[PDB]
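Comments concern the structure below.
Index from 1, following the sequence. Reckoned from all heavy atoms, side chains included, excluding hydrogens, waters and symmetry mates. In listed order, ligands and their atoms are each counted from 1.
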Amino acid sequence: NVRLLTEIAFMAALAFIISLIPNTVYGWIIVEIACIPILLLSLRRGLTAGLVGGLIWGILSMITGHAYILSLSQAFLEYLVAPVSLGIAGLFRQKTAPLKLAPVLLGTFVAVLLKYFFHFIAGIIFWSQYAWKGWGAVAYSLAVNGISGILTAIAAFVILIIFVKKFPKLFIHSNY
Ligand SMILES: CCCCCCCCCO[C@@H]1O[C@H](CO)[C@@H](O)[C@H](O)[C@H]1O
Ligand SMILES: CCCCCCCCCO[C@@H]1O[C@H](CO)[C@@H](O)[C@H](O)[C@H]1O
Ligand SMILES: Cc1ncc(Cc2cccc(CCO)c2)c(N)n1
């Protein structure tokens with residue numbers, strides 16, 4: 001209630017704080033560990049809570065000057081649509097015990113995939129001026145964003161697996 005709103009705000013604040021950590025692997029290839037609090041929020045509280053947490057994270061990135069903004073339409077795609085889209089993991093919420101790892105991992109996979117699909121589309125339209133010598137716009141965006149998405153999923157997998165084994169109730173909301 002009040003509690004749902006606090007959880008959302010705190011996880012979005014957490015994602016933003018985490019996003020301040022340097023995460024560059026090479027060029028524009030990143031490991032986006034900042035997705036994890038939004039993933040966890042979504043898995044615990046469902047689609048709407050996740051969408052809104054993603055929204056708040058994106059707005060925070062932009063208004064603090066930490067987003068890479070090339071245009072209104074690009075920033076809309078990459079810092080509203082993209083982070084919001086992590087909320088899709090919410091469709092994999094488990095409401096009842098025992099907690100299973102399967103929906104956690106499938107939901108993480110589908111949500112990181114969806115986010116980076118939007119970054120991949122953005123990459124084609126707005127970032128092709130950076131494409132490695134000899135690479136076309138699509139192939140360059142596929143490699144940058146394909147690799148970033150996989151790496152981000154790897155990291156999300158590692159952390160959430162630990163969280164499932166050690167703190168499975170992070171994932172299951174209860175009153176009481
Ligand atoms: C519906 C649009 C709302 C417009 C205002 C944008 C930010 C909304 C919440 O702001 C704050 O973000 C801080 C980040 O650290 C948190 O510490 C704090 O808990 C939270 O309250
Ligand atoms: C790129 C967009 C991806 C679309 C995502 C489709 C989400 C469908 C989620 O299904 C749910 O999965 C749960 C756990 O696996 C099942 O317990 C439950 O029966 C089922 O309702
Ligand atoms: C080729 C290419 N280069 C840069 C970007 C911009 C970008 C990529 C992934 C994630 C973010 C947001 C969090 O930082 C931004 C892009 N989409 N495609």
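- Protein heavy atom nearest atom 6 (C) of ligand 1, with residue, atom name and distance: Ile59 CG2, 5.0 Å.
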Go ahead and list the nitrogen or oxygen contacts between ligand 3 and the protein that come in under 3.5 Å, distances to 0.1 Å, or just say none.
{"from": "ligand 3", "atom 1": "17 (N)", "to": "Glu78", "atom 2": "OE1", "distance (Å)": "2.6"}
{"from": "ligand 3", "atom 1": "17 (N)", "to": "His119", "atom 2": "O", "distance (Å)": "2.9"}
{"from": "ligand 3", "atom 1": "18 (N)", "to": "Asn145", "atom 2": "ND2", "distance (Å)": "3.2"}

Side-chain donor-acceptor pairs of residues 148-162 under 3.5 Å, sequence neighbours excluded:
{"from": "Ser148", "atom 1": "OG", "to": "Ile30", "atom 2": "N", "distance (Å)": "2.8"}
{"from": "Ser148", "atom 1": "OG", "to": "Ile30", "atom 2": "O", "distance (Å)": "3.4"}
{"from": "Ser148", "atom 1": "OG", "to": "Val144", "atom 2": "O", "distance (Å)": "2.9"}
{"from": "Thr152", "atom 1": "OG1", "to": "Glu32", "atom 2": "N", "distance (Å)": "2.9"}
{"from": "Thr152", "atom 1": "OG1", "to": "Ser148", "atom 2": "O", "distance (Å)": "2.7"}

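- Protein non-hydrogen atoms do reach within 4.0 Å of atom 14 (C) of ligand 2.
- Here the protein heavy atom with the shortest distance to atom 12 (O) of ligand 1 is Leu60 CD1, 4.5 Å.
- The local environment of NZ in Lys100 is crowded, with over 12 non-hydrogen atoms from other residues, nucleotides or ligands closer than 6.0 Å.
- When distances from atom 17 (O) of ligand 2 to the protein are checked, no heavy atom turns up under 4.0 Å.
- Of the protein's non-hydrogen atoms, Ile56 CG2, 4.9 Å is the one closest to atom 8 (C) of ligand 1.
- For atom 21 (O) of ligand 2, the nearest non-hydrogen atom of the protein is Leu91 O, 4.9 Å.
- For ligand 1, the atoms sitting less than 4.0 Å from at least one non-hydrogen atom of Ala13 are 14 (C), 15 (O), numbered in the order shown with element in parentheses.
- Across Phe120 and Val138, no two heavy atoms sit closer than the pair CE1-O, 3.6 Å.
- Heavy-atom proximity to atom 19 (O) of ligand 1, evaluated over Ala9, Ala12, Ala15, is greatest for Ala9.
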